[PDB]
Structure formats: structure tokens, C-alpha cells
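S.K.: For reference, the structure I am asking about is given below.
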Number of protein chains: 2
Amino acid sequence: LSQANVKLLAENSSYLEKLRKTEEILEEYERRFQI
Amino acid sequence: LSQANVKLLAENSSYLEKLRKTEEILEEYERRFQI
């Protein structure tokens, strides 16, 4: 059921994608927080 | 789905842990920006 090891790697990729996006989300706040 | 997975799963677990860590902070940031 290729959407097992392939989805696993795809999920691994997805998790990494989410981590990269979340890290960008965390950069702001600072623009108003540090005013 | 034997070893490679175990590593990807370890990475996924780690990514998932990182995702939540990334998120807390994130959900603890939410009303810093305000405006």
C-alpha cells in the first residue's frame, strides 16, 4: 500500500513543510511587540 | 516500513514534537502583536 512508506516520507516532508512555515509565522509578533 | 521508517518515524515524532514546541511559544505569542 504505497501510501505507507511513500506517504510516510510524504508525511515527513509535510511535517517539515509545516515546520518551515510555522517558523516564518513566529518571526512577526516582533514588529509590534518591540514598539 | 522496517528501519527507514523507524528513522523517518523518529524524525516525524521529532518533527511533531518540534512542531508542537514551535507552536508553544506560537500559541503563547498570540497577543503580542495586538495591532
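Letters A, B, ... go to the chains of the C-alpha cells in the order shown; residues in each chain start at 1; ligands are counted from 1 in the same order.
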Relative to chain B, what is the Cα RMSD of chain A after a least-squares superposition using every Cα atom paired in order?
M.R.: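 So the superposition leaves a C-alpha RMSD of 3.0 Å.
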S.K.: Could you list, as a PDB file with C-alpha atoms, in the first residue's frame, every residue of chain B that has an atom within 8 Å of an atom of chain A, counting only C-alpha atoms?
M.R.:
ATOM      1  CA  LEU B   1       8.477   0.163   6.860  1.00  0.00           C
ATOM      2  CA  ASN B   5      10.516   4.197   8.689  1.00  0.00           C
ATOM      3  CA  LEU B   8      11.521   8.707   9.410  1.00  0.00           C
ATOM      4  CA  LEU B   9       9.105   7.983  12.213  1.00  0.00           C
ATOM      5  CA  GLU B  11      12.086  12.158  12.625  1.00  0.00           C
ATOM      6  CA  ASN B  12       8.349  12.522  12.388  1.00  0.00           C
ATOM      7  CA  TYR B  15       9.160  16.883  13.909  1.00  0.00           C
ATOM      8  CA  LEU B  16       5.839  16.549  15.612  1.00  0.00           C
ATOM      9  CA  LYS B  18       9.223  20.237  17.285  1.00  0.00           C
ATOM     10  CA  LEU B  19       6.009  21.295  15.702  1.00  0.00           C
ATOM     11  CA  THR B  22       7.289  25.548  17.724  1.00  0.00           C
ATOM     12  CA  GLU B  23       3.622  26.003  18.490  1.00  0.00           C
ATOM     13  CA  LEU B  26       3.256  30.197  18.979  1.00  0.00           C
ATOM     14  CA  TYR B  29       2.538  34.538  21.404  1.00  0.00           C
ATOM     15  CA  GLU B  30      -0.781  35.257  20.062  1.00  0.00           C
ATOM     16  CA  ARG B  32       1.829  40.112  21.456  1.00  0.00           C
ATOM     17  CA  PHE B  33       1.108  41.665  18.075  1.00  0.00           C
ATOM     18  CA  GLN B  34      -2.205  43.214  19.177  1.00  0.00           C
ATOM     19  CA  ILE B  35      -2.495  45.692  16.183  1.00  0.00           C
TER      20      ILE B  35
END
S.K.: List every residue of chain B that DSSP, applied to the backbone of this structure, places in alpha helix (DSSP H), and write the result as a PyMOL selection string.
M.R.: chain B and resi 4-26
S.K.: Next, the residues of the selection above should be written as a PDB file, in the first residue's frame with C-alpha atoms.
M.R.:
ATOM      1  CA  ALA B   4      13.824   3.621   7.145  1.00  0.00           C
ATOM      2  CA  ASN B   5      10.516   4.197   8.689  1.00  0.00           C
ATOM      3  CA  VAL B   6      11.852   3.928  12.013  1.00  0.00           C
ATOM      4  CA  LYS B   7      14.163   6.743  11.279  1.00  0.00           C
ATOM      5  CA  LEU B   8      11.521   8.707   9.410  1.00  0.00           C
ATOM      6  CA  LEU B   9       9.105   7.983  12.213  1.00  0.00           C
ATOM      7  CA  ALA B  10      11.696   9.055  14.697  1.00  0.00           C
ATOM      8  CA  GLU B  11      12.086  12.158  12.625  1.00  0.00           C
ATOM      9  CA  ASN B  12       8.349  12.522  12.388  1.00  0.00           C
ATOM     10  CA  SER B  13       7.994  12.110  16.072  1.00  0.00           C
ATOM     11  CA  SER B  14      10.754  14.612  16.466  1.00  0.00           C
ATOM     12  CA  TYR B  15       9.160  16.883  13.909  1.00  0.00           C
ATOM     13  CA  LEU B  16       5.839  16.549  15.612  1.00  0.00           C
ATOM     14  CA  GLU B  17       7.470  17.338  18.914  1.00  0.00           C
ATOM     15  CA  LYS B  18       9.223  20.237  17.285  1.00  0.00           C
ATOM     16  CA  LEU B  19       6.009  21.295  15.702  1.00  0.00           C
ATOM     17  CA  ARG B  20       4.311  21.477  18.984  1.00  0.00           C
ATOM     18  CA  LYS B  21       7.309  23.133  20.628  1.00  0.00           C
ATOM     19  CA  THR B  22       7.289  25.548  17.724  1.00  0.00           C
ATOM     20  CA  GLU B  23       3.622  26.003  18.490  1.00  0.00           C
ATOM     21  CA  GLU B  24       4.096  26.781  22.227  1.00  0.00           C
ATOM     22  CA  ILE B  25       5.519  29.778  22.038  1.00  0.00           C
ATOM     23  CA  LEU B  26       3.256  30.197  18.979  1.00  0.00           C
TER      24      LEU B  26
END
